[PDB]
Amino acid sequence: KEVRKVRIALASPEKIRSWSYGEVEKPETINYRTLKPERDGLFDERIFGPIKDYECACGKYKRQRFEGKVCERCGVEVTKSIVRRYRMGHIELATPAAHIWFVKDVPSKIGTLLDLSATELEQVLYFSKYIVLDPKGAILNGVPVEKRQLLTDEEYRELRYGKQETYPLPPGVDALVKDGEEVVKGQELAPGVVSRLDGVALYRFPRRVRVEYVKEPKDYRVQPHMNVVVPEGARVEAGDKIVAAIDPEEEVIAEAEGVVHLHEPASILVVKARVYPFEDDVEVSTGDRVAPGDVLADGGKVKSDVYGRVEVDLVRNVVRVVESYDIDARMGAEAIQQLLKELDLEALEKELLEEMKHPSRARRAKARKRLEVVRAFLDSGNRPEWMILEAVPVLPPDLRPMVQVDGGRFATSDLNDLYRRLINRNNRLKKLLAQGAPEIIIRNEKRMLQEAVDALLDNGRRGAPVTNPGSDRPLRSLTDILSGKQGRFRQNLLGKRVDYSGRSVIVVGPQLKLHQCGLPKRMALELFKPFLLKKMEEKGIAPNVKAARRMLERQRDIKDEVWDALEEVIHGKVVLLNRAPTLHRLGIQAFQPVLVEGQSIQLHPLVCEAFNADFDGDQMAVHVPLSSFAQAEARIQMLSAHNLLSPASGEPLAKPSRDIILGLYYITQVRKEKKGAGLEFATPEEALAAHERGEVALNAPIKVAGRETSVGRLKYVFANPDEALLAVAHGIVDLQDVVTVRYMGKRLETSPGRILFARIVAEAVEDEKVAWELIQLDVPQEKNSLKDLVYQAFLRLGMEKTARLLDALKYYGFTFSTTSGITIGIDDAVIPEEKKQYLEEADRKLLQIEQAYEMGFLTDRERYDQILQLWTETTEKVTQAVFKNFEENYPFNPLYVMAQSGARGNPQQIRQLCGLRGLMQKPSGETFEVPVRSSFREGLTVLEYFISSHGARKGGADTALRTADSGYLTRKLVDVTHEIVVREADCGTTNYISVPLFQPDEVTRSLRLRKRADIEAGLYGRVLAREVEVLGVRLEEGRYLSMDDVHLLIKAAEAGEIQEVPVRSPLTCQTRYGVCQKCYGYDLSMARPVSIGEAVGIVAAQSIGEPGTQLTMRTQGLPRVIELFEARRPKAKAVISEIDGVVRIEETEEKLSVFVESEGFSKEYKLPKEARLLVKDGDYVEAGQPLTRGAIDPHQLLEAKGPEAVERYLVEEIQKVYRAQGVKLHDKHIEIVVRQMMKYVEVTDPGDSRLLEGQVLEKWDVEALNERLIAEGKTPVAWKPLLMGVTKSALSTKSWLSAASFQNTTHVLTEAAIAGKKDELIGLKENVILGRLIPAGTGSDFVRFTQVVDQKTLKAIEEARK
DNA sequence: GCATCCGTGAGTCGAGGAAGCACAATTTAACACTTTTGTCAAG
DNA sequence: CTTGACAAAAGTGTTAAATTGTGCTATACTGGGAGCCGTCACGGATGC
Ligand SMILES: [Mg+2]
Ligand SMILES: [Mg+2]
Ligand SMILES: [Zn+2]
Ligand SMILES: [Zn+2]
């Protein structure tokens, strides 16, 4: 079957053991001598499979005949060695270990279910405090001990073993207390030592024993290696032992009868216990635990009266019960797993739901968070105790290989070292437990085992990272393998390295057609090698494919017919050319290769702008689509000649450029003379006669009788363009001379160059009548006029004729720029004579500013501002003087022509070359008082050059630090919008948006018509939601708006006939998981309605992010866009009115306050003194209308005005940044991203549903839920619109595969696993990860099942059946 | 409300690759021999 | 198709090296060692 969904869930110890083919019991990897895997180790063949196909370890089975067999000698299955990549083992832990993901991922899942703080969980898990599981009637400091109570180590010891203390008596002294006498706190035991607790006092080591013989206080000395064998106050018959020793020579016995008295204790032991004397055998033993009433000895004659630990003292023949309780308190994951197994999720949910009615919001907020985790376990079917590991899975050995390098050295992965540590510690703990080691040692081993598991799963998350000894590089754990820019997702699943790919330097191919590229022969030989081998065999070049491959291995073995065969292999095929960074989809284009000699790829000039490529050393990659589908898609969808318009704005993107523009501008610009320039005559005979006398120039404007003409128009009248260009060939007239020509039945007055341009377009499109309508004859052909020509040709003729026109424009532009005579010399940077006059004026005004400043008429700051204004004004005047000189005296100056035509440079750069450099800014942001008064032609001074370097470095640093921000933003946009596709023709919605044609300019306090570019960016290629009647023209509902329609609407607005246009937009589309054809509009790249199955989400992200690097960075620029897409609260946020009413300013010397007064309401706003109010007294302000200047908080705007208002604000404010930079971007692309930001709602009233108040879900889901509920007469859910940024919107998506591959992988995976989330594979990222066909383009269900059949077969099938 | 803390994020290709010994237990190697296998000429 | 010599071609069985695993030292010894350090954003969680 086909995979349709991917589910993630917790694995139980039972399931982990079902995966494993065996337990890894030893940390041995391979044998150091034979290099074979060690038995029971991390590379065992008996577990993970054979190392070579169909061959066991012992070498008894060596063929596939014994397939599925297991050798009895070695136990290795006889099968394929590839199973060694898929077969898992496991490690059986001596004690449970918590999974760090469900502990350290804030908020922890284990803590939330158990109601334990982050610190409390850590203290228990890492053996710092005990947690009570059974108090057993234990009292701690007069208070009963309760379950789930945390005990410190001292508290546990006091409760479990009691209170006791040893006081060392000074040598020689004798204690004031006897052995076995009860003491009270503060009592003095010895002359200088006082006890601190009440209990039985016991002599530890009596140094002197004083017996009393009866006939006599004989004494004996006690040494450390001796022990007394009798209790105090004992009658000893002559002969009985008294003090024992290692050597019987020093052993002490009693000569006669007496009473033994012990004196001089080494120390005093105070123990809180009850002493029970006995005579017969005791029924208990040391270490036993007893309760009140339990029999101790003498058949019930002596019984316990208190809880404690029973210890029998045979020397004193008494039973001591050290008062203590048998409390059950545990540390580590064994205790936590005990609590997690005892949880009743049914009971917990009921209690949480009851607490969901608490008046406090914090209590309900906490209850909702707990119940969301509880609900996840209840719904998914997972068990909370599965978050603690009893068996640890072991990765297949081939994914953590230990390989021998070409030099014989061994390389291994970090996972083997992490596995060995866990196995070594696990084995050691088992040995310690078998030895009955003390609790201190066991606790250290268990704490180390927990840490070893943590390092294996997520190294460095908790504590110091584990490093391999001899280095400080942290070991790479399982979490590091999956997360980050170098993880599995982004490095191996979302992108890959591919076969049939090449690379080389790119050079310009001017002779190529738009759809052609120059592919080196030696690159194409390797790229198409499998195809070439087949063709070589098909011909007689080689006998078979293997012989052909040997021929190609040696360069000197390649014959000349191999190149003929290669030419046949590539016939008709295309290749993909790729340049990094791929900012938009035009960074990959398909071309038909032309095999060329050399080693560099030839690139067509007209596609360089789309690739952002130049020829300073750039490189491109080459890719070969292999199947018929890949070749068809590349030739139809990705061919360069088919993508001529911009998907972002719909304007031409393959169009005339630097040299092409210059050559076409040069011929279409007319000459202007000054010799005559005014003389008036009576007849043309006189006017021409003066021309022969030299009094008037050919192109000097004159007036013959009443009309203004020139000599050329009167002297040279040509019957047709061919005659005019024949005269140009003979040198009679120039291309720039204005003469009279007869063309298309009209007696035009133009230059031969403009008539030549008209013929160029006419022949390219092969239509003289249509060509005449496409061009503007009476202007020089600059970048904008040539861009309009391409767009109009595309509309009227299509891709094929437009690509031909682009090829003809490129050819003639190149040809005419070579012979025109364009060059740059030092004298071409003409210095206006007005610069000297302006600088002298600035010196006088500056000297006058200093004079006033000396007189005190102004301060330092106003002196500083006035200086900057003076030099800012002078720079503008010098710029104007520079360009006024060019257009009057040097209209054909190379710098003027390049800037005027759009080929190169702008007025700012020309001023620095010809005028003055201007003012420079300090590193701190201030501007130097003294400007750079020299241009580049004159040459800066050393100090001026250094001062100018401050800004140059700052610009370079801004550019470097701006690429990372723009690239990061694009990735956020792609991940939030990647699932949006055009999925149907129409969603049936009746909603729409009104695009405003007028903008409320506040300075003039009135409405003013918006700019054409702004209106076009919001109207072009959009479906009219309602019928519109303007200027006698009826634009019916459902009509796509072309540029002509948009211009008609702008003309209607100019006449006061329409203020806004109702259109369909992605904001109001009702399609699920995408938009419909009617809500999107045109495919701006083709100027026609978008086709179903297009990934408009990806296009929108690339359109927005591509010009991201052109946004200034230095609340403005790219930072402004990033904040708007993240829905961040501005620091200097404006103040808006929550309700509508009249403003009443109460400004006072004490404070500033603004009052919005209504019929009954009076809202008060305390604004700061430095507040730039934009509303004065007596103004009727509506809800959400700003009162103070600044950026509006989108979340405050959403609450006050609504979803529509915030959506309009976000689109307009984002477009302002791009417009300020000259970038043209359709509103559709922003509205698609904004539609994703506003995709969620918050539950406020659950109604008759299981939703929790404050729960965040998708708007589509709640709407579907509400309609279902209403269908059955149940109260619907009341929700609240929600706004979130692109980052948060992408992470809260319903597909965990796409969210896990974005960022926050541990958090995404931990929540998905607990909930048992199932991924339906809806968007593009999920299908790319699994290598499936994406549900867009040719992979969309709308077009995927189309069938093609010819007439003959169709008739046979219909005939053969009917 | 609020600071303060921690945790996660920050463009793309390319090119650069320090015991020592004793002894027991286990494994490996080298014989030995018999037992297939592969040829041979026939027949 | 056999039919008997033949000869390596291989395997089975001891034996002895060669390798590997393991236990044991008796003056008295009793709590570690390396960072050190120029960024900025955000949530989100808690200390209350
Ligand atoms: Mg370059
Ligand atoms: Mg004439
Ligand atoms: Zn085997
Ligand atoms: Zn729609």
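Here Swiss-Prot sets the residue numbers for chain A, with the shown residues being 3-217, 341-1239, 1253-1500 in order.
The deposited model was determined using electron microscopy, 2.5 Å.
Cβ atoms here come from the backbone N, Cα and C positions, even for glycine.
Going by Swiss-Prot, these are the annotated features:
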type: BINDING; residues: A:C58, A:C60, A:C73, A:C76; note: Zn(2+) 1 binding site
type: BINDING; residues: A:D739, A:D741, A:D743; note: Mg(2+) binding site
type: BINDING; residues: A:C1112, A:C1194, A:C1201, A:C1204; note: Zn(2+) 2 binding site
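Swiss-Prot feature annotations superimposed on the structure.
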residue: A:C58; record: Zn(2+) 1 binding site; Cβ neighbours (10 Å): 25
residue: A:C60; record: Zn(2+) 1 binding site; Cβ neighbours (10 Å): 13
residue: A:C73; record: Zn(2+) 1 binding site; Cβ neighbours (10 Å): 20
residue: A:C76; record: Zn(2+) 1 binding site; Cβ neighbours (10 Å): 17
residue: A:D739; record: Mg(2+) binding site; Cβ neighbours (10 Å): 10
residue: A:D743; record: Mg(2+) binding site; Cβ neighbours (10 Å): 17
residue: A:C1112; record: Zn(2+) 2 binding site; Cβ neighbours (10 Å): 19
residue: A:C1194; record: Zn(2+) 2 binding site; Cβ neighbours (10 Å): 25
residue: A:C1201; record: Zn(2+) 2 binding site; Cβ neighbours (10 Å): 22
residue: A:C1204; record: Zn(2+) 2 binding site; Cβ neighbours (10 Å): 31
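In the three-state DSSP classification, A:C1204 (Zn(2+) 2 binding site) falls within a helix. Here the C-alpha separation of A:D739 (Mg(2+) binding site) and A:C1204 (Zn(2+) 2 binding site) works out to 38 Å. Take the Cα of A:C58 (Zn(2+) 1 binding site) and measure to each of the binding-site residues A:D741, A:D743, A:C1112, A:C1204: the nearest one is A:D743. A coil conformation is recorded for A:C1194 (Zn(2+) 2 binding site) in the three-state DSSP classification, outside any helix or strand. A:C1194 are the binding-site residues among A:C76, A:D739, A:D741, A:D743, A:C1194 whose C-beta comes within less than 6 Å of an atom of ligand 4, given in sequence order. Other than A:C58, A:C60, A:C73, A:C76, the residues of this chain whose Cβ falls within 8 Å of the Cβ centroid of the Zn(2+) 1 site are, in sequence order, A:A59, A:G61, A:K62, A:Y63, A:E74, A:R75, A:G77, A:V78. When the binding-site residues A:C73, A:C76, A:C1112, A:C1194, A:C1201, A:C1204 are screened for a C-alpha within 10 angstroms of the C-alpha of A:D741 (Mg(2+) binding site), no residue qualifies.
A Cα-Cα distance of 64 Å separates A:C73 (Zn(2+) 1 binding site) from A:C1112 (Zn(2+) 2 binding site). Surrounding the centroid of the Cβ atoms of A:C1112, A:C1194, A:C1201, A:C1204, where the record places Zn(2+) 2, the chain contributes additional residues within 8 Å, namely A:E1109, A:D1111, A:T1114, A:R1189, A:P1191, A:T1193, A:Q1195, A:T1196, A:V1200, A:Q1202, A:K1203, A:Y1205.
Among the binding-site residues A:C60, A:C76, A:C1112, A:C1194, A:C1201, the residue whose Cα lies closest in space to that of A:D743 (Mg(2+) binding site) is A:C1201. Take the Cα of A:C76 (Zn(2+) 1 binding site) and measure to each of the binding-site residues A:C1112, A:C1194, A:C1201, A:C1204: the nearest one is A:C1201. Selection of the binding-site residues A:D739, A:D741, A:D743, A:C1194 by a Cβ distance under 6 Å from ligand 1 yields, in sequence order, A:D739, A:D741, A:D743. On a Cα basis, A:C60 (Zn(2+) 1 binding site) lies 65 Å away from A:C1201 (Zn(2+) 2 binding site). In this view, A:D741 (Mg(2+) binding site) is surrounded by 5 other Cβ atoms within 10 Å of its Cβ, with every protein chain counted. You'll find the Cα of A:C1204 (Zn(2+) 2 binding site) roughly 69 Å from the Cα of A:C60 (Zn(2+) 1 binding site).
Taking the centroid of the Cβ atoms of A:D739, A:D741, A:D743 as the Mg(2+) site, the other same-chain residues with Cβ within 8 Å of it are A:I631, A:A738, A:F740, A:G742.
Of the recorded residues, A:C1194 (Zn(2+) 2 binding site) and A:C60 (Zn(2+) 1 binding site) place their C-alpha atoms 68 Å from one another. Between the alpha carbons (Cα) of A:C1112 (Zn(2+) 2 binding site) and A:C60 (Zn(2+) 1 binding site) lies a span of roughly 68 Å. For ligand 3, the nearby binding-site residues are A:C58, A:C60; that is, of A:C58, A:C60, A:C1204, these have a C-beta under 6 Å from one of its atoms.
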